[PDB]
4 protein chains.
Amino acid sequence: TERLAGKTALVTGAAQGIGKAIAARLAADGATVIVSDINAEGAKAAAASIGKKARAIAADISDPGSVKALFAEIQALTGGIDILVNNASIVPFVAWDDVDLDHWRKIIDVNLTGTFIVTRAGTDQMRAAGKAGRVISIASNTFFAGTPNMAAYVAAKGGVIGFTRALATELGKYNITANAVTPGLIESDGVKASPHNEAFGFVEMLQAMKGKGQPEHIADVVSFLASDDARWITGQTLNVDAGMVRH
Amino acid sequence: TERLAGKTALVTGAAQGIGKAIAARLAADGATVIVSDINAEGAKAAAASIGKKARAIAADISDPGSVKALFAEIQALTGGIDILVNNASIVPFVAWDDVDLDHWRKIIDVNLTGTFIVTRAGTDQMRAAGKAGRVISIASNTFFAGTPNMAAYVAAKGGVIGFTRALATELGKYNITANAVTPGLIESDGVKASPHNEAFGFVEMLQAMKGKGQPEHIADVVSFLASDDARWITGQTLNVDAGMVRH
Amino acid sequence: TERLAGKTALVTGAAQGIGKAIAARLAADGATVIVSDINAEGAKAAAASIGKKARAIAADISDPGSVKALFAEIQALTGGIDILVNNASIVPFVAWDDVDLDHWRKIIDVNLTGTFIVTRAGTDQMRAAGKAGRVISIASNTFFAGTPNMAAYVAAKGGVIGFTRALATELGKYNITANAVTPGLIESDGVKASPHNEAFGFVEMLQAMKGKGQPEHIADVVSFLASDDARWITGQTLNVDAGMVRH
Amino acid sequence: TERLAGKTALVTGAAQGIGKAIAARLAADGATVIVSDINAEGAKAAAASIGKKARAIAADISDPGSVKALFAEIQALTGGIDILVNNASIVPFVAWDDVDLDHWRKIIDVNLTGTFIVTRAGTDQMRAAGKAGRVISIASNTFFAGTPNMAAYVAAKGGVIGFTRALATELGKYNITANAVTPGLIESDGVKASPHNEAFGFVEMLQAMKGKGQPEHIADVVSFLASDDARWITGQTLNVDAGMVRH
Ligand SMILES: NC(=O)c1ccc[n+]([C@@H]2O[C@H](COP(=O)([O-])OP(=O)(O)OC[C@H]3O[C@@H](n4cnc5c(N)ncnc54)[C@H](O)[C@@H]3O)[C@@H](O)[C@H]2O)c1
Ligand SMILES: NC(=O)c1ccc[n+]([C@@H]2O[C@H](COP(=O)([O-])OP(=O)(O)OC[C@H]3O[C@@H](n4cnc5c(N)ncnc54)[C@H](O)[C@@H]3O)[C@@H](O)[C@H]2O)c1
Ligand SMILES: NC(=O)c1ccc[n+]([C@@H]2O[C@H](COP(=O)([O-])OP(=O)(O)OC[C@H]3O[C@@H](n4cnc5c(N)ncnc54)[C@H](O)[C@@H]3O)[C@@H](O)[C@H]2O)c1
Ligand SMILES: NC(=O)c1ccc[n+]([C@@H]2O[C@H](COP(=O)([O-])OP(=O)(O)OC[C@H]3O[C@@H](n4cnc5c(N)ncnc54)[C@H](O)[C@@H]3O)[C@@H](O)[C@H]2O)c1
């Protein structure tokens, strides 16, 4: 019903897949949405596509300086952020024996410390504008499953959940909620181009319902968590995977 | 925007507290709602209060015969149920040493086997009408916490989550989701009559946010789970307690 | 090193499979072990097999009167119980549509309320003898997985975990711990004689390690929980399934 | 009865507190133990104290080069490692608003990526020697609780559990188990010197049992996980906190 009218949400890694699917929904919810991504072109293509409520600002979540610039510009245009959706991440396919310290470090830096960098700045910004924000970080259900071929990723995602829980309590007093969502396999654009695409049949088997997971499936849940209906929920993780795992 | 228009939802223990708060919200969602309760007067007082969307049918969830009659009548009026909200339960305050086999049996019979009796009939009804239903059972976050003075209740609630998970996979093939919600302390008409009321200050301390939990807090989340936004969620438990526990 | 010398442990459903495997181990730990079972012959065959550390006493965990008689006799012989292992349960294979109220009730009564009946009496007995006991209840990892063809069972097992958590806090002040173990598929006698036996190849696939689960695998863990090494652990659930699920 | 005789175990951060308590116990189990720590003097003081089964080798878990040197020397002396206990970590007390990118990075680097660096090398070493190893990583129950004043730490520890789960499946085929333990508040030498010490009375309240947590409490559990009794357990987290949280 355009419940999010008047609100400003930021989505990272929003140039495609789930991030984009989310930005699109929040916009449909009436919010003005900052489509952020490391891919400046994709970001602004996506915002053009979303259209009007959507504004593109490129940023590398793992770089402190571009994240500062990200938020500065948001403050200017909107006076601050009401909703933060930590979506940007690297989704690797790496056999255990290919897991380098180098690989490890990159995945951790983006998927994990990158989300702190942004959350640090974003919550500071809500706090400064006296807004009762919502933080929502996209994790993964690989954390519950111990999925193979992506150890650094599962660690980092474990990290994001840890972070989420501590943050919830850390920010409760500022009326800011912090939650996480664990998507199962989703037919984003990242997966379609990923060895991971080959796993749909096997994960479908393990699911209680039997479609292929779709970005809108996660977007529609983020939309709820960003809404007032989810006001009494903080520190929780929503698992969205057609019953792959039970949480 | 009345997304639940055309749908029929049944809420048990709906004469007051959370059940009523839920029936009220689902009606606001546009659904026609069967307000069911063991307290026939309260049920029908509550449906009068709700509106023309609400209809009262009294039933003891722990009695097979009254649950049969509950559903028969629903089939007649509506051709079947789309949404099931297992809310009816007994919320005891019993010191461990007062936990009788007798007390144990009563709590288990209603809070647990009573929810099976209804779910059995309700999902059969959806199934028979070829409706892609939603089951939502109200558990409790005492299951995560191991809360004292209510051991039978915590077992039964553990049971409802167990049930929920198995059911999810059991019904996935008929396009029926089954989920659960674990409310923390809520200032219901029930609680207000309980010694439990005295615990608000302590639980508020442990919460990340600092209000007293309110029935509308849980109703608003049930409303989401009943909606299409939650279509990719089955077998999961939503914990709603202002950050009391982290799930 | 016979750490359990001087201690008295009771194992229910101990005539075969895991219960027997456990009684055997606890006896090897030096404990005198009451082998209890509904099958009087099996129980006492098993105790004969185990040695002179083992004594057989038949009992139906779901019957309050035979449970009373069970413990009275134990008090006489040993002056009370130090360790309680709730093992006795019914392991069904029932398609959802065969799940009767009748089936439901039977499974709940034994697997769940039966374990309360015994735990009530057992912990009272420890308490009365001023013993700092250990309660250990065998659940199942189907509770984490939402395994199909056994809905009543998954609910009851959910219940036992609920019970366990509440009990931990309930008895902490009497220096009594209460824990639970969730075995995955185990090649016990009942499994071998049950449509469940056919699932070994599939569950082996999902396991991180690739043997068939063996009763000694669970017995060896119970032995630990019954020991002083596990003294700071209460309210927890040990999941033992070669990595089927991650808990 | 010295079950760990013949085995070689490495413990990091083993100069004091839990690490030392663990090294001591594993040695008592008969294992030859590498007492590793960033504090070379503490490490070798601790091994002198422990005994002749204990050997000290200093190393910074967060530095790849010293970790290489750590394991090379172990290979020389023992032909490789059978058991790995990731204990070394930084236990901070930082108010949210003091959480720097700089602070964040340090905690993540040691507590999380430092445990990868060691696990990478250690498991490679077991693998190379054809040994069916055990990995045990000490996390924290703050991950379940969302404890405040230590957000970077709670994230990292979340990460260690993530890592653990993925690793379990990653190494199951080489007969190597990987588990984690979540200690609650423990009265170690670090904690005694931390503003965390002041929290004992509060955490004691929330505990089901009411002592102050002791390093031996965790050591005795690690000992079990290192033993054959825990051979069917991989990808699991043992929570040891006197019932603070229920896992
Ligand atoms: N899609 C899945 O099946 C899968 C499963 C579970 C969870 N997830 C999570 O969902 C989210 C979206 O996944 P997806 O599959 O849609 O991803 P995707 O690969 O389709 O797109 C991710 C986007 O993130 C951006 N990005 C990468 N690094 C960045 C950084 N340094 N700074 C800013 N932006 C960066 C990329 O440019 C890309 O456009 C991710 O957090 C992922 O962890 C994905
Ligand atoms: N209030 C809380 O803090 C709390 C927390 C977690 C979960 N819950 C759950 O929420 C649900 C309702 O909560 P509440 O606090 O509003 O309870 P309440 O006491 O305020 O109302 C419960 C209603 O259930 C009805 N009922 C009792 N037995 C019945 C039967 N056999 N058949 C049909 N109806 C029956 C009662 O008549 C009553 O109208 C319960 O399942 C309870 O377990 C409550
Ligand atoms: N084997 C598995 O795949 C598996 C998996 C998860 C959990 N479990 C649990 O392990 C435990 C043992 O399983 P199992 O396969 O060894 O069982 P089993 O069928 O092989 O033997 C269990 C014993 O319990 C007894 N029993 C049944 N009802 C009783 C009653 N009311 N009172 C007293 N005794 C009764 C039976 O007579 C039998 O001797 C059970 O609690 C089960 O729930 C087993
Ligand atoms: N004690 C608790 O309340 C508590 C609770 C949960 C988990 N833990 C975990 O247990 C472990 C030890 O706890 P503690 O109370 O003994 O802390 P402690 O401060 O007494 O000792 C930790 C040890 O880690 C070592 N260390 C630090 N950086 C290192 C480096 N990079 N390389 C090698 N060693 C390094 C230190 O020298 C120290 O000896 C830590 O992992 C901590 O996270 C502690």
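Here chain B follows Swiss-Prot, giving residues 2-248 in order.
Looks like X-ray crystallography, 2.9 Å, at least that's what the header says.
Here the Cβ of each residue, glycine as well, is placed from N, Cα and C on the backbone.
Per Swiss-Prot, the features are as follows:
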- B:11-35: NAD(+) binding site (BINDING)
- B:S141: substrate binding site (BINDING)
- B:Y154: active site, proton acceptor (ACT_SITE)
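Counting in whole angstrom, B:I19 (NAD(+) binding site) lies 17 from the residue listed as 'active site, proton acceptor' by their C-alpha atoms.
A straight line from the CA of B:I35 (NAD(+) binding site) to the CA of B:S141 (substrate binding site) spans 23 Å.
In the three-state DSSP classification, B:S141 (substrate binding site) falls within coil. In the three-state DSSP scheme, B:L11 (NAD(+) binding site) falls into the strand class. Within 10 Å of the C-beta of B:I35 (NAD(+) binding site) there are 30 other C-beta atoms, taking all protein chains into account. Close to B:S141 (substrate binding site), meaning Cα to Cα within 10 A, are the following recorded positions out of B:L11, B:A15, B:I23, B:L27, B:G31, B:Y154: B:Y154. If you measure from the Cα atom of B:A15 (NAD(+) binding site) to that of B:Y154 (active site, proton acceptor), you get 19 Å. For B:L11 (NAD(+) binding site), the same-chain residues that are 6 or more apart in sequence and have a Cβ closer than 8 Å to its Cβ are B:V34, B:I35, B:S37, B:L71, B:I75, B:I82, B:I84, B:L85, B:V86, B:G123. Cβ contacts within 10 Å of B:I23 (NAD(+) binding site), excluding its own Cβ and spanning all protein chains shown: 31. Checked against ligand 2, the recorded positions B:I23, B:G31, B:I35, B:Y154 give no residue with a Cβ under 6 Å from it.
Counting Cβ atoms from all protein chains shown, B:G31 (NAD(+) binding site) has 14 others lying within 10 Å of its own Cβ. Neighbour counts of Cβ atoms within 10 Å were compared for the binding-site residues B:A15, B:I19, B:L27, and the top value is held by B:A15. Between the C-alpha atoms of B:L27 (NAD(+) binding site) and the residue listed as 'active site, proton acceptor', the distance comes to 27 Å.
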